[PDB]
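# Coordinate analysis (summary)
If you want the building blocks of each chain, they are given just below.
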Amino acid sequence: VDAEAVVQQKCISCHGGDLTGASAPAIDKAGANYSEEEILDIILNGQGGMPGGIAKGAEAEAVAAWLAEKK
Ligand code: HEC
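Throughout, a per-chain count from 1 in the order the sequence is written supplies the residue numbers; the entry may number residues differently, and those without coordinates are omitted. Side-chain descriptors were evaluated using all non-hydrogen atoms of the structure, hydrogens and water having been removed beforehand.

As summarised from the PDB record, the model derives from solution NMR.

In structure tokens:
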């Protein structure tokens, strides 16, 4: 699953187009701040106001890895 496409259609909804942090904090650099493990769990689980489980399996895996790679 195209990680950037996922993020660019599942996360930008709150994080904003560039993931610079609109209705949610900036995660374009979340790969710098946190590791794929952390991010993966957060995608699967949630964070604060984030519903979580927005992406799962290959979706969330691809997301987290790509996010780690975004850094
Ligand atoms: C709006 C309903 C959200 C969607 C859709 C996604 N996220 Fe999110 N995320 C959101 C918020 C508001 C927060 C922080 C808590 C708060 O209430 O302010 C987050 C947090 C994350 C984090 C951690 C960032 C941090 O806590 O500093 C990550 C790594 C993250 N979110 C990733 C992420 C991805 C990749 C999503 C799409 C699969 C996604 N989020 C959707 C709000 C929302």
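## Here's the deal with the coordination of the iron atom of the ligand
Tetrahedral metal sites with four donors have an ideal angle of 109.5 degrees; octahedral sites with six donors have ideal angles of 90 or 180 degrees. Basically, it comes down to this: Because water is not among the atoms used, a metal site may look incomplete, as its donors are only the N, O and S atoms within 2.8 Å, or 3.2 Å for Na, K and Ca. For the exposure calls, accessible area comes from a 1.4 Å probe over protein chains only, and a residue counts as buried if that area is under 20% of its type's maximum, exposed if over 50%, partly exposed in between.
Note on the iron atom of the ligand: its protein donors are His-15 (NE2) and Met-50 (SD). The metal-donor distances range over 2.0 to 2.4 Å. Of the residues examined, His-15 reaches a relative accessible area of 10% and is grouped as buried.

## A short note on the site of the ligand
This is how it is decided: If a single non-hydrogen atom of a residue is within 4 Å of a molecule or strand, that residue counts as near it. In protein, a polar contact requires one atom able to donate a hydrogen and another able to accept it; more generally it is a pair of N or O atoms within 3.5 Å, and residues adjacent in sequence count only if both atoms are side-chain atoms. Numbered from the N terminus, helices here are DSSP runs of H or I no shorter than four residues, and strands are runs of E no shorter than two.
The ligand sits among 21 residues. The nearest are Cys-11, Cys-14, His-15, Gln-47 and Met-50. Within the side chain of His-15, a nitrogen or oxygen atom sits 2.8 Å from a nitrogen atom of the ligand. Contact between the ligand and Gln-47: an oxygen atom at 2.7 Å from a side-chain N or O atom of the residue. Looking at the shell around the ligand element by element, the count peaks at four residues for helix α1 (residues 3–15).

## Examining the environment of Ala-65
Along the chain, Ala-65 falls in helix α4 (residues 58–69). Along the backbone, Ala-65 and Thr-20 are 45 residues apart, and their C-alpha atoms lie at a distance of 18 Å.

## A word on the side chain of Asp-28
Stated formally: Only heavy atoms matter for contacts: two residues are in contact if any of them lie within 4.5 Å across the pair.
Following the sequence through the fold, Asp-28 ends up in the loop between α1 and α2 (30–33). Among the polar contacts listed, one links the side chain of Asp-28 to the side chain of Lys-70, at a separation of 2.6 Å. Contacts of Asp-28, omitting those with residues within four sequence positions, involve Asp-18, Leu-19 and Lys-70.

## Some thoughts on the nonpolar core
Note the threshold: Note on terminology: a nonpolar core comprises buried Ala, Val, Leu, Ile, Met, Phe, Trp, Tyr and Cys residues joined through side-chain atoms within 4.5 Å.
Ranked by internal contacts, the top residues of the largest apolar core, which has 15 residues, are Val-7, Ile-43, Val-63 and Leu-67. At the level of secondary structure, the elements contributing two or more residues to this core comprise α1, α3 (36–45) and α4. Dropping the residues within four chain positions of it, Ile-43 is found in contact with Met-50, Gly-52, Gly-53, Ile-54, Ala-55, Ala-60, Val-63 and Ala-64.

## Comments concerning the side chain of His-15
Note that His-15 resides in helix α1. A polar side-chain atom of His-15 sits 2.8 Å from the main-chain carbonyl oxygen of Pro-25. Ignoring anything within four residues of it in the chain, the contact list for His-15 reads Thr-20, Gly-21, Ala-22, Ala-24, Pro-25, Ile-27 and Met-50.

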